[PDB]
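Listed below, chain by chain, are the residues.
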Amino acid sequence: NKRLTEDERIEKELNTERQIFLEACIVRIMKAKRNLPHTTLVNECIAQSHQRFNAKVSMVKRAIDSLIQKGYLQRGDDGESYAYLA
Amino acid sequence: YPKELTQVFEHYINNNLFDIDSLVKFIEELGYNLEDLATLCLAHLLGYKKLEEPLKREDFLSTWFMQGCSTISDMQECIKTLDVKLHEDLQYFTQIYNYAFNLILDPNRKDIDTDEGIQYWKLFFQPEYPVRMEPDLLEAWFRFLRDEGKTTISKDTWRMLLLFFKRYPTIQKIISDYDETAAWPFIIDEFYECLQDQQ
């Protein structure tokens, strides 16, 4: 069997390395800011990631979704901010 | 507790436990089915955390007594009342909608299966309820999920979808206004880019 083409495996590795980087970036920011509007987090994450690569919003949002699933972040009651969860 | 009330509990209990079969017999006697939205109202009222977890005698009795009910007719009237409120009251509806996720989530899981979600979504988002939206958008959402292999739904997504449909009634208010850089769950961004494809 084979789920993945060779080109698909390479695309998968690329994304995973971006996502792993953006997830740690986001946790770093939130650990220090504790509470943040969505807009401000996304902007900050892109600015701090710029050293490494050009993070697209869609990539940052995927990272955010993973951190919520993992229990690192809680969406605020307003539905457009996040709180860090230790 | 009034004798009448304790006797209701005793009548439906299965071998020392008010279990899922007790609950099924109970709500069916009142005229409803386990899968009804009205059952969610009942469960929420009685403090259920999981549909299949037994209800403790004390929780059964105290809840009903507090609501001024001591007979099965009192109980039927109370749930009718909550059912009407679910139809009419957006705040309660929202509360019951949010409650629904955890109640139907398998205790050993973090997410629900997409099929189960659609099952409840088909009921929640009908026009007889406080959230008014076009049937096409709802069906499109179901199709998006099936077509794109979205087989589980998280609590954040479950919760945010309500807000999404609250603000976006049509497949076309979305085009006119949806912003994919805002804070919507990314699964909804994906749905957004399928919706613009089609038109």
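Numbering of residues starts from 1 on every chain and follows the written order of that chain's sequence, so it may differ from the entry's own numbering; residues lacking coordinates are omitted. To read the labels, note that chains go from A and ligands from 1, taken in the order they are written. As a rule here, side-chain values cover all heavy atoms of the structure and leave hydrogens and water aside. Residues with missing side-chain atoms are left out of burial classes, side-chain pairs and their counts.

In the PDB header, X-ray crystallography is given as the technique by which the entry was determined, and 2.233 Å as its resolution.

A closer look at the domain arrangement of chain B
Residues and elements named next belong to chain B. When its domains are assigned, chain B resolves into domain 1 (1-108) and domain 2 (109-199). Taking the mean C-alpha position of each, domain 1 and domain 2 sit 29 Å from one another. Each partner contributes to the interface: domain 1 provides 22 residues, whereas domain 2 provides 22 residues. Overall, the association of domain 1 and domain 2 removes approximately 2100 Å² of surface from exposure, summing both partners, and the carbon and sulfur fraction of that is 72%. Accessible surface is computed with a 1.4 Å probe, and the buried area is the amount of it that two parts give up when combined, taken over both parts together. When the area that domain 1 buries against domain 2 is broken down by residue, the three leading residues are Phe93, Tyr97 and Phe101, summing to 35%. Between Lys or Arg on one side and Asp or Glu on the other, a salt bridge is scored when a side-chain nitrogen of the former is within 4 Å of a carboxyl oxygen of the latter. On inspection of domain 1 and its partner domain 2, the count reaches zero salt bridges. Two N or O atoms form a polar contact when they lie within 3.5 Å of each other; inside protein one atom must be a possible hydrogen donor and the other a possible acceptor, and for residues adjacent in sequence the pair counts only when both atoms belong to side chains. Inspection of the domain 1/domain 2 interface yields six residue pairs in polar contact. For the purposes of this description, domain bounds are those given by an automatic or database domain assignment. Contacts: residue pairs with any heavy atoms within 4.5 Å of one another.

Quick notes on the sheet that holds strand β3 (residues 81-84) of chain A
All names here are of chain A. Criterion used throughout: strands pair if DSSP finds at least two bridges between them. Elements are defined by DSSP. Helices are runs of H or I of four residues or more, strands are runs of E of two residues or more, and each kind is numbered from the N terminus. Sheet architecture is open: three strands sit in the order β1-β3-β2, paired in antiparallel fashion. The sheet terminates laterally at β1 (35-37) and β2 (73-75), the two strands that pair on one side only. Averaged over all adjacent pairs, the angle separating strand axes in this sheet is 25 degrees, with direction ignored. Two elements, β2 and β3, share three bridges in a ladder whose sense is antiparallel. Within β3, the position partnered with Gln74 by the bridge is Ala83. Angular values range over 0 to 180 degrees, each being the angle between N-to-C directions of two axes fitted as lines to C-alpha atoms, with helices fitted over their stretch in contact. The sheet strands contacting helix α2 (residues 38-49) are β1 and β3, and the helix crosses β1 at an angle near 95 degrees. Packing against the sheet, helix α3 (residues 57-69) makes contact with β2 and β3, and its axis sits at approximately 105 degrees to β2.

Quick notes on the interface of chain B and chain A
Taken together, the contact pairs ten residues of chain B with ten residues of chain A. Buried area between chain B and chain A, summed over both chains or domains, comes out near 870 Å², and the portion from carbon and sulfur atoms is 53%. The largest contributions to the chain B side of the interface with chain A come from B:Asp156, B:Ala183 and B:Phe186, which together make up 56% of the buried area. A:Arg75 is the partner of B:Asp156 in a salt bridge, and the nearest nitrogen-oxygen pair spans 2.7 Å. The set of elements that each furnish at least two residues to the side of chain B that touches chain A consists of α9 (155-167) and α11 (186-198) of chain B. All amino acids are sorted into three groups, where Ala, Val, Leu, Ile, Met, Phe, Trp, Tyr, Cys and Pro are nonpolar, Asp, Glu, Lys and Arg are charged, and the leftover types, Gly among them, are polar. Of the residues in the side of chain B that touches chain A, the class split is six nonpolar, one polar and three charged.

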